[PDB]
Amino acid sequence: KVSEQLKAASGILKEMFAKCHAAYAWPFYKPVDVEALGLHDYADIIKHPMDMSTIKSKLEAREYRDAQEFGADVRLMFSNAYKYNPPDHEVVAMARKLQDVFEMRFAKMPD
Amino acid sequence: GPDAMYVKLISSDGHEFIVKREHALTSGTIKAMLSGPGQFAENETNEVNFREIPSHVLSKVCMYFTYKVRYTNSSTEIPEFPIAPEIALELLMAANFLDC
Amino acid sequence: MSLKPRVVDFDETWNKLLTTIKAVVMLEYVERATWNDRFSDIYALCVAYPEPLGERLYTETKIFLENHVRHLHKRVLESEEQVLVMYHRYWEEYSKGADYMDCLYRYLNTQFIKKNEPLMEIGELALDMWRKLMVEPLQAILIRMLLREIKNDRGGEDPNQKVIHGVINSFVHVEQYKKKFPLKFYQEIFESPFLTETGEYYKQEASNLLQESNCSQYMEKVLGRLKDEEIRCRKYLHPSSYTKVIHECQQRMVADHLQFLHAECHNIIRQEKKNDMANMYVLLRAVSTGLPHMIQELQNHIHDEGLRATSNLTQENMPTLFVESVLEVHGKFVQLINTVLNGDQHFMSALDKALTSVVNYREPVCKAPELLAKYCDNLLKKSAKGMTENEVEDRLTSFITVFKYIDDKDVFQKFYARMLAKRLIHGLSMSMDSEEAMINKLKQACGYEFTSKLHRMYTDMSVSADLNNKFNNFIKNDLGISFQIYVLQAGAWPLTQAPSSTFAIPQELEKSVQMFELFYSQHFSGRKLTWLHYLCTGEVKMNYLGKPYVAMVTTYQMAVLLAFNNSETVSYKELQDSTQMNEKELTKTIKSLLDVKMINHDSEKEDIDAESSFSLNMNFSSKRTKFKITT
Amino acid sequence: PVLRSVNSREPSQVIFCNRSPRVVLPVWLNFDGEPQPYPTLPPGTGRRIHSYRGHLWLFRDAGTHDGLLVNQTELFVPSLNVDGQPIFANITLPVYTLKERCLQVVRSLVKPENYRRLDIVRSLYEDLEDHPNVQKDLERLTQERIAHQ
Amino acid sequence: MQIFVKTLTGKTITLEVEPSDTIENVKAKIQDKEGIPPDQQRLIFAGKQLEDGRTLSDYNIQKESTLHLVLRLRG
Amino acid sequence: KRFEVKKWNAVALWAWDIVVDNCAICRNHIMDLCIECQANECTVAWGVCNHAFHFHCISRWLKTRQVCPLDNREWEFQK
Amino acid sequence: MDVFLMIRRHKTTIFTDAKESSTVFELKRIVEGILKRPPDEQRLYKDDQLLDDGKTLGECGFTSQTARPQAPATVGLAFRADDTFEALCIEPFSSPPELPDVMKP
Ligand SMILES: Cc1ncsc1-c1ccc(CNC(=O)[C@@H]2C[C@@H](O)CN2C(=O)[C@@H](NC(=O)COCCOCCOCCNC(=O)C[C@@H]2N=C(c3ccc(Cl)cc3)c3c(sc(C)c3C)-n3c(C)nnc32)C(C)(C)C)cc1
Ligand SMILES: [Zn+2]
Ligand SMILES: [Zn+2]
Ligand SMILES: [Zn+2]
């Protein structure tokens, strides 16, 4: 099964790394750069960040075994933004859209 | 090779400065002096007498001409132009008079 | 001895400066030292510590300029009809001095003037004062004497160029007025009267010339006058009114005499008029719409000449006259237009439109496709007395020029296909490579979807050799007949697939066919062969006389002659039962044998019926042993 | 107004590089034309910045409010990045005239309530009073752009 | 009655389609006269896509008209 | 026999089972050379369905994909 | 790159530019073009040391970092009269006035 779930997770990740989801998915491509973005309390408040580039780089290594680790990583990545930002925000709206996409494609999870 | 395209400028105290004409035409007043009734001809020497500008100001003005000609339209870094603090007022007067 | 503000006495410095200013305005001699010195003196008055004096200097300079200008417009008014020479002499000095004065008032312009009747800079004030001088005398008197001199230039003698050009250029110097009208004073003061006078003069001259001349001599004179006007405008006017003057002259002359050239345009076209067409075109191109009528008469001339040269006769026996006539007409008039009218694709389009109607005539079915196809075929035959290898392509290169003008490409394709089949199935083509060149030309002229079922025929006629070689090589794996077969592609060749009647294959030729389908099925799968028995030819050496009679006949003749082998006399019923062909086909082949006198009917019945019995002629004789039927 | 910023909402990455011997202060033009200031840059430094396409930046001096040159021009409008690369931003001293250089030195050395005790000409008194202003520069650029079109 | 359709390779062919038949029927006729399944088909008439679930009479198709056949498209 | 036959010639038309078409890749007839060939013997390839294709065309494309350009189903290359 | 100098004799100052690879017989030629003295009698002096003929400026000790346009160097000049050289002598410039009270730090 390992092959099946790993292939499905890679497919979902690459579909979220698509060419016309860029309307609401470009922030998460690379690590958050507080120095070049102008943030002070981000590092203190959010202890653990996560992102697509690190996910993929770890994927090409023997580090990801079960799809639940990937699911927890995705949930952590969205919860970080939900925690840091106020309720009404552009990043909140775009993260909610991407979360609905992930929820659909994870209800479509072949297992 | 050697030429006579160099103007000669004379200070009030009796100093002679020999500067290239293209460098000198930066000043509007010098251009006005050299362009009109009083133009040179034959075996004459290109001279302009400044009876109201001492030597330590005219040398600064000549160095400014050289600096401006050298560091114009250059992609390299342009250093600051130094001015001693005890000549600032005289330099300001001479710059206002010479239109530069 | 410093650049510090002071307290200064104006009048001494004002006098010392006013002495030099007059020597600068009039271009006098001033030493170098004073020129350099006065710059310090102006600065001294411009930065005087109590109540700086710049407004007073401006006011005192304005009075000097106004006095100088008012005095100049005394000594120029008192001139007694020699105004122009004094004006130019007093203008050159004032201009070269007003240019130099501005360079000496630089500090006042930079500091005081450019920080705020609006005040004007010195060089802008002097030109305004001269404009005031140019208000009263310049307009009436000097515009009159300027128009008179240019009128006197039209013949007579040549007045001085420098004075006139300088006075004309003077009005342009409103230069420091760069706002939506740098050249408005010039126009309003000089250009409109000049245009009106030019119009009146050229109208009257055109009327006078038309009164005492014909249409042939009119054009050369008009061209000469136009060239003179063009070469004289550059000598006097500012480079912004050449087009207006030339346009007004052309409009006046030609438009006023328009319905007089459209009368001779018809006559010049019909005759040669080599030197008149160019003169008419060069002066009718630039005036409104005069070309269309010439277009129409050229088209009519082409149509009339083409019909008179083609539709008259063609000797009723020779189709090579059509192409030669059309080509000669086209080449002659293309050369004429290129040599005289210098392109002008309107006339080329008219020529094409007229040749299209010439070639595609239809008396109240057009014969153009038939003649074109027959020309191609007779040119491509083997040889009667025809041309050589590098002449057929030479003529066919120009043939396509005639070819493009036909409107029915389909009929030409049909006729060419039929005649190409006829030429190919008989091996009578002059050179096998020529068809490839003709196909390439037709493809380059029409398109790829137009010559496909000619290129496929070429390829088949090329591949048949290899297929025959292959079958003859792989046969030996005893027939008695030399077998050469053409394999053809159905759906492209114009051959009727449906047989006319049921035909029984000759018994002696029953193994060859079966071996052929066996081989073809073995080495070519998916193909359904069909046999057309009315294209095959056979050879027979008869062995019932004392001479080696050898004949070439068709398949139906083969079968009918073979039928007699059992007995010398056979009835119609026996032949009908054995061959199972229709009555019409058997009748035709029996008649063909009767015409060559191979057989004779037993009874006197000239027609053919159920009881028709025939027996071969006993004593047929022929001078030539080898022969072909109705050769 | 005319000169302002457009909410393109598309990311862009830039590198502010300083090659002048003075301190630099960037100012960003808002969506209504009211400029806003941003932290300063030490001489000879390169700082990575995140911005949007179609925004307006102008570079000034920290304390003297003098103007400097970016990419050998006055303004800087970022463009979308290609090949995943950042776009450099050179900062260079303009070649001042002698009058302006002397005015700067005098302004630095003299208190702004001690001008009319200098032994100079009358006009230089108001010339020294005419301080550089970002508002004045923006106004001038506005009619410059208007006349260009 | 009879209309005309153009293929992808350059030829043109004709069909006898009444103004009462559905566009699906036209697609099936094209498929059997050609080698293109109906899923990969698209019809152009006056620069307008023809919906599968309709008929000719709704689109006001007159006599002897011509239609362009193009493959399936997506954004 | 009364006579002997020496030579014979014949002609014969033919057609495919059910096919007529143009190559959909390079838009040249099935019985014609390729554009790649024209720059200078290649045969004609067929399919399980009724598509007459072109040997060089179909090979150069089957280097990447499999199915028919008109049938995105499969490829046979047998007959 | 390029070095800048100030050739000086008595009250006359000559402004020129030169490359580090040039020798003394390129300054001598310019002095000839402007002053027109004996061609082989211009002993060029730096500080208190004589410079030879073929030896370049870089060997003499000229660098482009310390001979900028804002501050060129100085090379003395000596002509020969009556077949004997005159002792080097350069006259200094003027002196600035006293700094005013208002500008004092
Ligand atoms: C070091 C330095 N050197 C001399 S000055 C300087 C410096 C210069 C600029 C900056 C930051 N740049 C700006 O503030 C830009 C420059 C100019 O284009 C105006 N500007 C703006 O951001 C303006 N426009 C907007 O902000 C657009 O409106 C969006 C709502 O405002 C968001 C305010 O927060 C900006 C900083 N980011 C955050 O607080 C969180 C961060 N935002 C985002 C983010 C925010 C909005 C969107 Cl649509 C997408 C992503 C973010 C990420 S990761 C990432 C790469 C980004 C850009 N992110 C994620 C995931 N979760 N949170 C984030 C403004 C003036 C209204 C603040 C920092 C330092
Ligand atoms: Zn092909
Ligand atoms: Zn091929
Ligand atoms: Zn298929």
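Residues numbered from 1 in each chain as written, not as in the entry; some residues may be left out. Chains lettered and ligands numbered in written order. Heavy atoms only, no water. Residues with missing side-chain atoms left out of burial classes, pairs and counts.

As documented in the archive entry, the model was determined using cryo-EM at 3.44 Å resolution.

As recorded by the PDB entry, chain F carries the name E3 ubiquitin-protein ligase RBX1, N-terminally processed and is attributed to Homo sapiens.

Of the comments in the UniProt record for chain D, the one headed Pathway reads "Protein modification; protein ubiquitination." (UniProt positions renumbered as here; feature names shortened; annotations may be inferred.)

Trainee: What should I look at first to understand the interface of chain B and chain D in this one?
Mentor: The extent of an interface is frequently quoted as the accessible surface area lost upon association of the parts. Counting from both sides, the interface comprises 18 residues of chain B and, opposite them, 20 residues of chain D. Both faces considered, chain B and chain D share a buried interface measuring about 1,900 Å² in area, 72% of it formed by carbon and sulfur atoms. The largest contributions to the chain B side of the interface with chain D come from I78(B), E80(B) and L92(B), which together make up 32% of the buried area. Measuring nitrogen to oxygen at the nearest pair gives 2.8 Å for the salt bridge that ties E80(B) to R22(D). Linking chain B to chain D there are five residue pairs in polar contact. (Contact = heavy atoms within 4.5 Å. Buried area = accessible area lost by both parts, 1.4 Å probe. Salt bridge = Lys/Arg side-chain N within 4 Å of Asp/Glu carboxyl O. Polar contact = N/O pair within 3.5 Å; in protein donor to acceptor, adjacent residues only side chain to side chain.)

Trainee: Please explain the sheet that holds strand β7 (residues 87-89) of chain D as it appears in this structure.
Mentor: Strands belonging to one sheet form pairs held by backbone hydrogen bonds; the direction of such a pair is parallel or antiparallel. Residue and element names in this part refer to chain D. Strand order in the open sheet made by the three strands is β4-β1-β7, with mixed pairing throughout. The sheet is open, and its two edges are formed by β4 (46-52) and β7, each paired on a single side. Taking each pair of neighbouring strands and ignoring which way they run, the sheet shows an average axis angle of 35°. As paired elements, strand β1 (residues 11-17) and β7 share three bridges and run parallel to each other. Across the sheet, the residue bridging to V14 is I87, located in β7. (Pairing = 2+ DSSP bridges. Helix = DSSP H or I, 4+ residues; strand = E, 2+ residues; numbered from the N terminus. Axes fitted to C-alpha atoms, helices over the stretch in contact; angles between N-to-C directions.)

Trainee: What's the story with the side chain of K46(G) in this structure? I'm lost.
Mentor: With respect to the secondary-structure elements, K46(G) resides in strand β3 (residues 43-46). Not counting the four nearest positions on each side in its chain, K46(G) is found in contact with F62(G) and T74(G).

Trainee: What exactly am I supposed to notice about the coordination of the zinc ion (ligand 4) here?
Mentor: By definition of the ideal shapes, a tetrahedral metal site with four donors has angles of 109.5 degrees and an octahedral site with six donors has angles of 90 or 180 degrees. All names here are of chain F. The coordination sphere of the zinc ion (ligand 4) contains the protein donors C49 (SG), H51 (ND1), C68 (SG) and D71 (OD), at a distance range of 2.0 to 2.3 Å. Each of the four donor atoms around the zinc ion (ligand 4) contributes to a set of angles spanning 98 to 118°, which defines the coordination as tetrahedral. Donor residues binding the zinc ion (ligand 4) come from one chain and are separated in sequence as C-x1-H-x16-C-x2-D. On the accessibility criterion, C49 (33% relative accessible area) is partly exposed. On the accessibility criterion, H51 (7% relative accessible area) is buried. (Donors = N, O, S within 2.8 Å, 3.2 Å for Na, K, Ca; no water. Tetrahedral: all angles 85-135°; square planar, octahedral: opposite > 155°, others 65-115°. Buried < 20%, exposed > 50% of the residue type's maximum accessible area, 1.4 Å probe, protein only.)

Trainee: Explain the packing of helix α10 (residues 215-236) of chain C against helix α11 (residues 242-256) of chain C here, please?
Mentor: Helices that pack against each other are described as a pair by the angle of their axes relative to one another and the distance between those axes. Residues and elements named next belong to chain C. Between α10 and α11, whose axes approach to 10 Å, the crossing angle comes to 160°. When the axes of α10 and α11 are compared, the pair comes out roughly antiparallel. The hand of the α10/α11 crossing is right-handed. On α11, the residues that touch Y218, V222, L226, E229, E230, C233 and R234 of α10 are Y242, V245, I246, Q250 and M253. For the contact of α10 with α11, a count of residues per class yields eight nonpolar, one polar and three charged. (Parallel < 35°, antiparallel > 145°, perpendicular 65-115°, else oblique. Left-handed = near helix turned anticlockwise from the far one by under 90°. Nonpolar A, V, L, I, M, F, W, Y, C, P; charged D, E, K, R; others polar.)

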